[PDB]
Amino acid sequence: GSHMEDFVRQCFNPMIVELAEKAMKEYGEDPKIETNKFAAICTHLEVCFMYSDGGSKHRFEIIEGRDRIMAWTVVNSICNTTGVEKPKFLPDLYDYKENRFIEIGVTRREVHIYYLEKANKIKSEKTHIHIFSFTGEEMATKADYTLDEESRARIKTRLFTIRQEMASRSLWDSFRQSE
């Protein structure tokens, strides 16, 4: 029974917490144990949701937060629809405005180290990359940040008020060393 298991349950939305439990258990982890990654994948889920929420009402297509098999199914459908190269690892969104997939990251290092962790794994980085941080910075491909200046500020404000409430419970430092 961890302090942060409770904080994750009380902090995020019940649907997001349920999807995080499902994804973590599908890839072999216990939210009651690997609690730091529990908070991480909750945060990642929420950031992706607010991202797809920013912009037009039906501009994005959510890939993260689905079943493995179904997420892939969507990716193949989009690929055949428009004519984009099938990604290598599962992306997080697809911009219909820019006809391109989007990988969303949330890290505790600088934008540079996280972007480096993601770009080489992307290899053929035919799909866009967008990083966020609990400090407030964001590195994105070709400095195209996709979203409005107001939607992105909302996301970082949220990222930081999470970091605050974690420090109020002396759980922030353990989160910083896990990544």
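Counting begins at 1, following the sequence as shown.
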Checklist outcome for this item: Going by the entry, of stretches 110-118 and 37-45 the one with greater average Cα B-factor is 110-118
Checklist entry - Per the entry, where is the mean C-alpha temperature factor higher: 119-127 or 142-150? => result 119-127
Item to check | Among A23, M15, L171, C11 - the residue whose C-alpha B-factor is largest in the record | outcome: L171
Item to check | Third of the chain's Cα B-factor distribution that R66 belongs to, per the entry | outcome: lowest
Checklist entry - Within this chain, which third does the Cα B-factor at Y94 fall in: lowest, middle or highest? => result lowest
Next on the checklist: How does the C-alpha B factor of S56 compare with the rest of the chain: lowest, middle or highest third?
Outcome noted: highest
Item to check | Chain-relative CA temperature factor third for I162 | outcome: middle
Item to check | Third of the chain, ranked by Cα B-factor, where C79 sits | outcome: highest
